[PDB]
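Have a look at the structure below, then the notes.
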2 protein chains.
Amino acid sequence: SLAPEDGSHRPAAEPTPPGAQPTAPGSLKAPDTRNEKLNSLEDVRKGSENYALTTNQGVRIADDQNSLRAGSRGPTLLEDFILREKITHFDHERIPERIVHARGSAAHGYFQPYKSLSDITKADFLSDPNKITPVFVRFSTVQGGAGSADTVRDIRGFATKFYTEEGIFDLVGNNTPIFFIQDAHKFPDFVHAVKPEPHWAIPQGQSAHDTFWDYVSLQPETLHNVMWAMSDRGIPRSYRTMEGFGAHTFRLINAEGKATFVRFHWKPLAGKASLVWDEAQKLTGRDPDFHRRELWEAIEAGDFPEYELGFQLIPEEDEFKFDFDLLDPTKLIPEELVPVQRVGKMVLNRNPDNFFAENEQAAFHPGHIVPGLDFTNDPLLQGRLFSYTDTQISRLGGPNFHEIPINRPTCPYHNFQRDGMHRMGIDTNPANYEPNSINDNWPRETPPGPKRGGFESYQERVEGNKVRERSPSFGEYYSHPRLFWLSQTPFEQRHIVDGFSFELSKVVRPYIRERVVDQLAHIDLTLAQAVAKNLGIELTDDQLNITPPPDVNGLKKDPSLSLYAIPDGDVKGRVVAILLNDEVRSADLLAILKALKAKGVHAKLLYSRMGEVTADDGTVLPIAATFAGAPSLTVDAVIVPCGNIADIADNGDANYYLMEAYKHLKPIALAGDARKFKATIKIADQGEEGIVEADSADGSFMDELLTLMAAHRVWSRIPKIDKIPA
Amino acid sequence: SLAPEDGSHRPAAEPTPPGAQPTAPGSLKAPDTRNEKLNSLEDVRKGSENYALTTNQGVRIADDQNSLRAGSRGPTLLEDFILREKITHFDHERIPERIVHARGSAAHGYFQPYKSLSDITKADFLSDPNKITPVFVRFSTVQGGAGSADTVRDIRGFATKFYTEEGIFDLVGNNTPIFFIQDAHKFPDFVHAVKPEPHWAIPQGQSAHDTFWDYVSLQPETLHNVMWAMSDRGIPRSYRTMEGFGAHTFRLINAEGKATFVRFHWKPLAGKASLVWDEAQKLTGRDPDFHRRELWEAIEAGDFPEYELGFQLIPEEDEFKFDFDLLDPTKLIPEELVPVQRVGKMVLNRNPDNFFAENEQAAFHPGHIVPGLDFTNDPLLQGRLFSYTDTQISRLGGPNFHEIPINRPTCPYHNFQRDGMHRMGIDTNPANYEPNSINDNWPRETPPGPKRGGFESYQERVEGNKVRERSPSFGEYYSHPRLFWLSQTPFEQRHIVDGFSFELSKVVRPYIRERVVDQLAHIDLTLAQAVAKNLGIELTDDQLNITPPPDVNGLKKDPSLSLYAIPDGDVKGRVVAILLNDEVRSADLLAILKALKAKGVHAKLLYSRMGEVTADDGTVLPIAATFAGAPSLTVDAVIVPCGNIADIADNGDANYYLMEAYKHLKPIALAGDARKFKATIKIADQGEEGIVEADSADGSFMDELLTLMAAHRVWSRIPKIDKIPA
Ligand code: HDD
Ligand code: HDD
C-alpha cells in the first residue's frame with residue numbers, strides 16, 4: 001500500500017515550476033524558508049512519518065479498516081470507541097464560513113520598510129528599514145461561498161496580518177480604492193442585495209441579478225465602486241497582478257503627537273493585469289480554483305508575490321481642501337492630487353501547511369491597530385470596528401480566537417481576561433483583576449510615549465448633536481464614477497460597457513435596467529448610450545440633456561486609475577502553452593525554452609493524449625496535459641513549434657485552442673509549418689500585430705513573443721474577434 | 001413607495017414558464033398549493049407588506065440609513081443599539097455547512113401509494129392508497145461546498161423526508177444503487193480522499209485529483225461506484241431526469257412479524273437523461289446554479305418533478321442465493337434477477353419560501369424509520385445510524401434541531417427529554433422521568449401492534465465473536481463493475497472511457513494512473529486498453545492476460561443499468577433556443593411556438609441584444625437573452641427560423657451557438673434560408689440524421705424536431721464532432 005520504489009510520490013524540496021512536481025505543505029516544500037511567525041507555529045505542527053496511527057487519546061489502532069461487530073456479518077457494537085471517535089471528529093469538521101469574503105487563498109511572508117517613518121508615525125514596524133515583520137496575507141472574493149469559483153466578477157479582498165513587536169496590525173483592504181456604501185448601518189442591506197436571493201439562493205459569485213441592480217438603482221452612492229466592479233478590475237489575472245487599498249482615511253500619529261491623515265496602497269510589483277469577461281467566466285468552469293492554484297504555484301516556483309506598501313498623506317489642516325469629503329469611503333483620492341509615497345516591500349514566500357488550520361481559521365480585523373496608528377470618523381470604518389470582533393464569536397467558537405495558532409501574536413500578551421470556550425492559556429497570576437496588591441499590580445498599564453508605550457487615542461475634537469444623519473458633504477455620487485470612466489483606455493471603456501450590458505441583461509425586471517441606465521446618464525452620456533443600445537433602450541430627450549457632473553478638483557482624467565494606460569508589464573511567473581506534435585523539431589523547442597527561462601516564463605507542454613512524445617532527435621518529451629485538459633484560458637500566450645504538423649492540423653481541440661486564445665487577445669507564435677494554423681484564425685499572409693511568425697523559433701521570434709507578453713494582451717486585435725465563432 | 005406604478009415588479013401567482021416572470025417564494029408564487037406540512041408551517045411564516053420596520057424586539061425604526069453619531073461627521077456612538085442589533089444578526093448569519101452534500105436544492109411535495117402494502121409492511125404511510133403523505137426532498141452533489149457548482153461530475157444525493165402519521169421517515173439515497181466503500185469506519189478516509197486536498201484546499205467539486213485516485217487504486221471495493229461516476233450518470237441533465245436508490249438492503253416488517261428484505265428505488269417519470277462532459281464542465285462556469293434553477297422553474301411552470309417509488313423485494317430464505325452478499329453496499333441487485341415493484345408516486349409541487357430556513361436547516365437521517373421498517377447488518381448503514389444524529393449537534397447548534405420548523409413531525413411528539421440550546425417547547429408535564437406516578441405515568445409506552453403501535457426491532461439472530469473483520473463474502477470487487485460496463489451502449493462506454501481518461505490525466509503522479517489502469521485490466525480489457533491509449537500507457541502481457549471476473553448470477557448484461565439502451569424519452573419541461581434575426585418569418589415562429597407549447601416544451605427567444613425585434617408581418621418579438629447570455633449549454637435543442645439571416649450570419653456568437661449545440665449532440669433545426677448555417681457546422685448538402693431542415697417550419701418539420709428531442713441526443717453524430725473546432 002506503499003510508495004513507488006522510485007520515490008516519485010514525494011515532491012522535491014526545491015523551487016520548481018508549476019506542474020513539475022505535486023504541490024505540498026509549505027514546511028515540506030520549503031523547509032529552510034523561515035520567519036519569526038513560521039517558527040513560532042512549531043509547537044503545533046504535527047508530522048506523520050514513522051509514527052503509529054492512534055486515537056486522539058494516543059491509543060494505537062490495530063485495524064483502521066473495519067468496525068467492531070458481533071460476527072463478521074453482524075451488527076456494529078456501541079462499544080466501538082475507535083469508530084465513534086473517528087466518525088465524531090469527521091461529523092464536526094465544518095465551521096461557519098465568513099459572512100463575506102468566504103472564498104480566499106493565503107500565504108506567509110515578511111515586510112520591511114525602505115526607511116524609518118518616525119517623522120510621521122511611531123509605529124514600531126515602520127521605524128527601521130532592517131526590522132523585518134512577518135506577515136500572513138489572505139486574498140479573497142466577496143460574495144461567494146468558500147466553495148465558489150475564483151475568476152468571478154467581484155471585488156477582491158486583500159488582508160494582511162502584520163505580527164509586530166508592539167501587537168498585531170491587520171490592514172484589511174480590497175482591490176479598489178472605495179466601497180459601495182457610505183455608512184456601516186447599510187452593510188447588511190448592501191450585502192443581502194449582492195448575495196444569492198433569499199427564496200432560492202441564486203446566483204453564486206455574481207452581482208448579475210435583480211436584487212443587486214435594484215439596490216444600486218436606488219442608492220446612487222454605490223455607482224463609483226460599481227464602475228470599478230464592471231471594469232476589468234473585477235476579473236484580475238492573478239492576486240499578484242491587482243492593486244490593494246485600505247479605502248478609508250486612517251491616521252498616522254508620530255512621537256510628538258502630530259496626526260497626519262493617511263490612505264493605504266499596495267502596488268503589485270508583477271504589474272496590473274486582468275482577464276477578459278468571456279475568458280474569466282469560462283474559466284470558473286474549467287478551473288474554479290485558478291487563482292488559488294496560481295498563487296500556491298508561484299510561491300512553490302520562487303515567483304514570490306511582492307507588493308510595495310505606499311501612503312497617500314494629507315496634513316490635518318488640509319482635511320477640507322478637496323471637493324469631496326476625506327472621510328467618505330465612496331470617494332477616492334486621485335494620485336494626481338496626492339501622490340502615493342513608497343513605504344516598504346512585502347514578499348509572500350511560503351504557503352501554509354494546512355489550509356483549514358491556517359487559512360480558514362485566520363481572523364483579520366481593521367480595529368487591530370498599534371501605537372502610531374489611529375482611526376477617523378469615516379462612518380463605514382466606524383461600524384466595521386464593531387463587526388470584526390463580534391463575528392469571530394460564532395465563526396471561531398468564542399472569544400479565545402487569538403489563541404488559534406495562526407492568530408497568536410509573536411510579541412508578549414498579558415492581561416486579566418480569563419476562561420471562555422477552548423481556553424488554552426493557563427494563567428498563573430494570583431490576580432485576575434486590577435488594581436491588585438496581591439501580584440503587585442502586574443501586568444501593568446504603560447504610559448504612552450515614543451516607543452513601546454501604551455495605546456492612547458488621538459484627542460480629536462468632537463462637536464455636534466446625537467444624530468442619525470448623513471453628512472451633506474457625502475451627498476455627491478457621480479463625479480468620481482465619471483473621473484474613473486474618463487481615465488480608462490477606449491478598450492477598457494468598451495469592457496465596462498460590456499460588463500453593465502451583460503449584467504443588466506440578466507436582470508428580469510425591465511424597469512430596473514431602465515433605472516440603472518438613467519443613473520449612467522448622470523455619469524456619462526456616451527457610456528449611458530452605449531449600455532442602452534445593448535439593452536434595446538432609447539434615452540429620452542431629458543436624459544440626453546442631463547448636465548455631466550463636475551471634474552474632480554479640475555481633473556479631466558487620472559491615468560493611475562487605469563490598469564493599462566501606463567505600461568507596468570512584468571513577464572516573470574507568466575505561463576505559455578506549447579502545443580506538441582509527434583515529431584517536434586527539437587531545435588525550435590531548445591530556443592523556445594531557453595528564451596522563456598531567461599525571462600522566468602513557465603511552459604506547459606500539451607498534446608492530444610497523455611504520456612510522452614519523441615522529438616526529431618530522440619528527446620523524449622513528457623506531456624503536462626491534453627489540449628482539452630489545460631485550455632488556453634489557463635495560459636498567457638500560445639506557441640506552436642514546427643514538426644509533424646499534419647499530426648495536429650485536423651485536431652479540433654488544437655485548432656480550437658488557438659481560436660480561444662485568439663478571441664481572448666493572447667499572443668500566438670507559429671514556427672515553420674505551424675504557420676498553416678494561420679488559416680484557422682484568419683490571419684492574412686502579410687501577418688498581423690500580435691501573431692509571431694518565422695521559418696523557425698529563433699532569437700528574433702522569441703524576443704517578439706516576449707515583448708507582446710510584456711504588453712499582456714493584444715488590444716489592437718479587438719475589432720477582429722467579433723467575427724470569429726469561438 | 002418605489003415599486004413601478006405598472007405592478008411589473010410582482011410575478012403573477014399562476015404557473016408561468018421559465019424566464020417569463022421573476023421567480024418568487026413558493027407561498028407567494030402558488031398560494032393555493034397546500035399540504036398538511038406546508039399548512040403547519042403557517043405559525044412561523046412572516047409576511048412584510050404593510051408592516052413597520054422594527055428591531056427584533058419590536059421597536060419601530062425611524063432612520064435605517066444611518067448610524068447614530070456625535071455630529072453628522074462625528075464618531076459612531078456605542079449607544080446605537082439599532083445598529084448593533086442589525087450588524088450582530090448579520091455577523092452571525094452563517095452556520096456550518098453539511099460535511100458532505102453541502103450543495104443541495106429542495107422542494108415540497110406529496111406521496112401516495114398505489115395500493116395498500118399491508119401484506120408486506122405495517123408502515124402507516126403505505127397502508128392506504130388514499131393516504132397522502134407530505135414530503136420535503138433535497139437533491140444534492142457530494143464533494144463540493146454549499147457555494148460550489150451544480151453540473152460537476154459527482155454522485156448526486158436524493159433525500160426524502162416523509163412526514164407520516166406515525167413519525168418522520170427519511171429515505172436518504174443517492175442516484176446510483178451502491179456506494180464506494182463497504183464499512184462505515186472508512187467513510188472519513190474515502191471522503192477526505194475525494195474532498196479538496198488538505199494543504200491547499202483544491203480541487204472544488206471534482207474527484208479529478210491525486211488523492212482520490214490514490215485511494216481508489218488501493219481500495220478496489222471502490223471500483224463499482226467509480227464506474228457509475230465516470231459514466232454519464234455522474235452528470236445528470238436535471239434532478240428530474242436521474243434515478244434514486246436507497247443503496248442498502250433494509251427490512252419491511254408486516255403485522256404478522258414477517259421480515260422481507262427491500263432495496264428502495266425512485267424512477268423519474270420524466271425519464272433518464274444526462275449531459276456530456278465538455279457541456280457539463282463548461283456549464284459549471286456559464287451557470288453554476290443550473291440544476292437549482294431548473295428545479296425551481298420546473299415547479300413554477302407546473303412541470304412538477306414526479307418519481308415512482310419502487311421496491312426490490314427478497315424473501316428471508318433467499319438471503320444467500322446470489323453470487324454477492326445482500327448486505328454489501330458495493331453490490332447492486334440486478335433488476336433482471338429481482339424486479340422493482342411499483343409502490344407509489346411522489347410529486348414535488350412547491351418551492352420553499354426561504355432557502356436558508358427550509359433547505360439549509362433541513363435535517364435528513366436514514367435512522368429515522370417508522371414501525372413497519374427496520375435495518376440490516378449492512379456495515380455501512382450501521383455506521384450511518386451514528387453519524388446523522390451526531391452531526392446535527394454542531395451543524396444545527398444542539399439537540400433541539402427537531403424543533404426547527406422544517407424538521408418538525410406533523411404527528412404528535414411527547415417524551416421526557418428537556419432543555420438543550422434553543423429549546424422551543426414549553427413542557428407542562430409535572431414529570432420529566434418515567435416511570436412516574438405524579439402524572440399517572442404519561443406519556444406512556446405503546447406495545448407494538450398492527451397499527452399505531454410502538455417500535456420493536458425485528459428479533460434477528462446474532463451469532464459471532466466481537467471482531468473488527470470484513471466478511472469474506474464481501475471480498476469480490478470486479479464483477480459488478482464489469483456487469484455495469486457490459487450493460488452500457490457503445491456511446492456510453494466511450495463516455496466512461498473519456499471520464500476515466502480525463503480524470504486520470506489530472507492526476508499528477510503517473511504511477512497512480514498506472515495503478516488505476518491495472519485495476520481496470522481486472523474489469524474489462526477493452527475498457528483498460530482504451531483508457532491506457534489516452535494516457536500513453538502500454539498494457540503488459542501480464543495485464544493482457546488477466547482473466548475477467550465471473551458473470552453475476554449468469555448475467556452478461558442488464559439493460560436497466562444503462563441511461564439510454566431502453567428509450568424512455570419525455571420532452572415536457574425541456575427547452576429550445578430560438579435564434580431570432582431582425583426580420584423573422586412570422587409564419588415559421590407561429591408554427592414552431594405552437595408545436596412546442598402543445599408538447600409542454602419551453603422556448604427562449606435569443607438575439608444579439610436585449611429589447612425587441614420586429615417580424616415580417618410587424619409582430620413584435622420580445623428577446624429573452626443574448627446568444628452569449630444564454631448559451632446552448634442551457635437548452636436541449638436549437639431552432640433557427642427563416643428571415644433576414646444576413647443579420648446574424650456573420651455574428652460570431654450566432655455561429656458558435658450552433659457549433660456548441662452541434663458538438664454536444666443536440667438536435668438542430670433550420671428553416672428556409674437558415675440552412676445557410678449548414679456550412680458553419682459542416683453538414684452535407686443532402687443533410688444528416690439529427691439536423692432537421694426544410695423550406696419552412698410547416699408540415700413535418702416540428703414533428704421531426706420533437707422526435708429528436710424525445711431521443712435526447714444525436715449519438716450517431718459522435719464520430720463527426722472530434723474534428724470540429726468548438
Ligand atoms: C460593518 C460591516 C462591514 C463592513 C461595513 C465592511 N466589512 Fe469587511 N468584513 C466584515 C464586516 C464589514 C465581516 C462580516 O466581519 C467579515 C466577514 C466575516 C469576518 O471575519 O469579517 C469581513 C471580511 C472582510 C475581508 C476578508 C478578510 C479575510 O480574508 O478573512 C476583507 C478583505 C474586508 N472585509 C475588507 C473590507 C473593505 C475594503 C471594506 C470597505 C472599505 C469593508 N471590509 C467593510
Ligand atoms: C458513517 C458516515 C456516513 C456514511 C457512511 C454515509 N453518510 Fe450520508 N451523511 C453523513 C454521514 C454518512 C453526514 C455527514 O452525517 C451527512 C452530512 C451532514 C448531514 O446532515 O448528514 C450526510 C449526508 C447525506 C445526504 C444529504 C442529505 C441532505 O440532503 O441533507 C445524502 C443524500 C446521503 N448522506 C446519502 C448517503 C448514501 C447514499 C450513502 C451510501 C450508501 C451515505 N450517505 C453514507
Side-chain angles (χ1 to χ4, degrees), chain A residues 83 87 90-91 93-94 97-102 104 106 137-140 142 155-159 170 172-176 178-181 183-188 190-191 225 244-248 329 359 362-366 378 380-392 395-396, chain B residues 83 87 90-91 94 97-102 104 106 137-140 142 155-159 170 172-176 178-181 183-188 190-191 225 245-248 329 359 362-366 378 380-392 395-396:
Chain A
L83 168 76
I87 302 303
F90 171 83
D91 286 342
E93 287 181 6
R94 303 291 173 264
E97 71 180 13
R98 304 157 169 69
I99 321 301
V100 283
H101 299 256
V137 172
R138 191 162 175 283
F139 304 102
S140 50
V142 173
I155 301 304
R156 290 318 193 275
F158 184 156
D170 295 332
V172 189
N174 280 344
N175 72 330
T176 72
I178 64 292
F179 197 56
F180 295 95
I181 63 170
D183 185 301
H185 189 78
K186 286 216 72 73
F187 198 67
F190 174 75
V191 167
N225 210 205
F245 298 98
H248 319 284
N359 175 326
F364 300 83
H365 172 81
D378 175 319
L380 198 60
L381 171 60
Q382 287 275 312
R384 290 182 73 196
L385 308 177
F386 172 78
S387 173
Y388 295 71
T389 297
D390 175 45
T391 195
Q392 324 304 342
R395 194 173 64 95
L396 297 181
Chain B
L83 173 76
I87 303 297
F90 172 83
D91 283 343
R94 299 296 172 266
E97 67 180 16
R98 296 165 173 67
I99 321 293
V100 285
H101 304 252
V137 170
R138 187 172 179 270
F139 298 107
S140 41
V142 174
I155 302 307
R156 292 320 190 275
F158 186 152
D170 293 333
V172 182
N174 282 344
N175 70 328
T176 76
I178 66 289
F179 191 67
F180 301 93
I181 62 174
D183 181 314
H185 193 73
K186 298 215 67 79
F187 196 66
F190 176 72
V191 175
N225 208 209
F245 302 95
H248 314 291
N359 173 323
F364 303 79
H365 173 81
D378 178 316
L380 197 68
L381 177 59
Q382 291 276 311
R384 297 181 71 198
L385 298 179
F386 172 80
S387 175
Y388 294 73
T389 294
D390 169 48
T391 199
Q392 315 309 337
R395 195 175 64 96
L396 298 176

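Lettering of chains follows the sequences in order, A, B, ..., and the numbering in each one begins at 1. Just follow the structure's listing: the first ligand is 1, and inside any ligand the first atom is 1.
The OG atom of A/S140 sits 5.0 Å away from the NE2 atom of A/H101 when rounded to the nearest 0.5 Å. Taking CG of B/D183 as the reference point, atom CG of B/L381 lies at 12.0 Å (rounded to 0.5 Å). Considering OG1 of A/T391 and CZ of A/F386, their distance stands at 10.0 Å, rounded to 0.5 Å. Separation of atoms CZ (B/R395) and CZ (A/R94) is listed at 12.5 Å; rounding is to 0.5 Å. Annotation: the span from A/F158 atom CZ to A/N174 atom CG amounts to 11.0 Å, rounded to 0.5 Å. For the atom pair B/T176 OG1 and B/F245 CZ, the distance stands at 7.0 Å (nearest 0.5 Å).
Looking at B/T391 against ligand 2, only its side chain comes within 4.0 Å, counting heavy atoms. Both the backbone and the side chain of B/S387 come within contact range of ligand 2, each with a heavy atom under 4.0 Å. Looking at A/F158 against ligand 1, only its backbone comes within 4.0 Å, counting heavy atoms.
The closest heavy-atom contact to atom 33 (C) of ligand 2, among the options B/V172, B/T176, B/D183, comes from B/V172. Considering only non-hydrogen atoms, atom 36 (C) of ligand 2 lies nearest to B/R384 out of B/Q392, B/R395, B/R384, B/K186. Of the listed options B/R98, B/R156, B/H101, B/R98 places a heavy atom closest to atom 30 (O) of ligand 2.
Remark: the B/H248 side chain and the B/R384 side chain contain an N/O donor-acceptor pair separated by less than 3.5 Å.
For the residue pair A/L380 and A/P329, the shortest heavy atom distance occurs at CB-CG, 3.7 Å. Contact detail for A/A363 and A/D170: the closest heavy-atom pair is O-OD2, 3.8 Å.
Nearest to atom 10 (C) of ligand 2 among the protein's heavy atoms is B/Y388 CZ, 3.6 Å. At the top of the distance list for atom 12 (C) of ligand 2, counting protein heavy atoms only, stands B/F187 CE2, 3.5 Å. The nearest heavy-atom contact from the protein to atom 17 (C) of ligand 2 is B/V100 O, 3.4 Å. Looking from atom 27 (C) of ligand 1 to the surrounding protein, the closest heavy atom is A/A159 CB, 3.9 Å.
Every atom of ligand 2 with a heavy atom of B/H248 under 4.0 Å away is listed here by number and element: 41 (C). Residue A/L380 approaches ligand 1 through these ligand atoms, each under 4.0 Å from one of its heavy atoms: 5 (C), 40 (C). For ligand 1, the atoms sitting less than 4.0 Å from at least one non-hydrogen atom of A/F364 are 28 (C), 30 (O), numbered in the order shown with element in parentheses. Close approach of ligand 1 to A/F179 (heavy-atom distance below 4.0 Å) involves ligand atoms 40 (C), 41 (C). Which parts of ligand 2 touch B/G157 is read off a 4.0 Å heavy-atom cut-off, strictly below it: atoms 32 (C). The contact set between ligand 2 and B/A247, taken as ligand atoms under 4.0 Å from a residue heavy atom, comprises 41 (C).
The distance criterion of under 3.5 Å between nitrogen or oxygen atoms is not met by B/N174 with respect to ligand 2. Remark: ligand 1 and A/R138 share an N or O pair separated by less than 3.5 Å (distance only, no angle test).
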Steps toward ring-ring contact (aromatic ring centres under 6.0 Å, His included) verdict (B/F187, B/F179)
CA-CA 10 Å; B/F187 196 66; B/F179 191 67; 5.8 Å; yes
In sequence, state the C-alpha distance, the side-chain angles, and the governing distance for B/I155 and B/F180, and then conclude on side-chain contact (heavy atoms from CB on, under 4.5 Å).
CA-CA 10 Å; B/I155 302 307; B/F180 301 93; 3.5 Å; yes
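Residue contact check for ligand 2: B/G173 places a non-hydrogen atom closer than 4.0 Å to it.
Remark: the backbone N or O of A/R138 is not paired with any side-chain donor or acceptor of A/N359 at under 3.5 angstrom.
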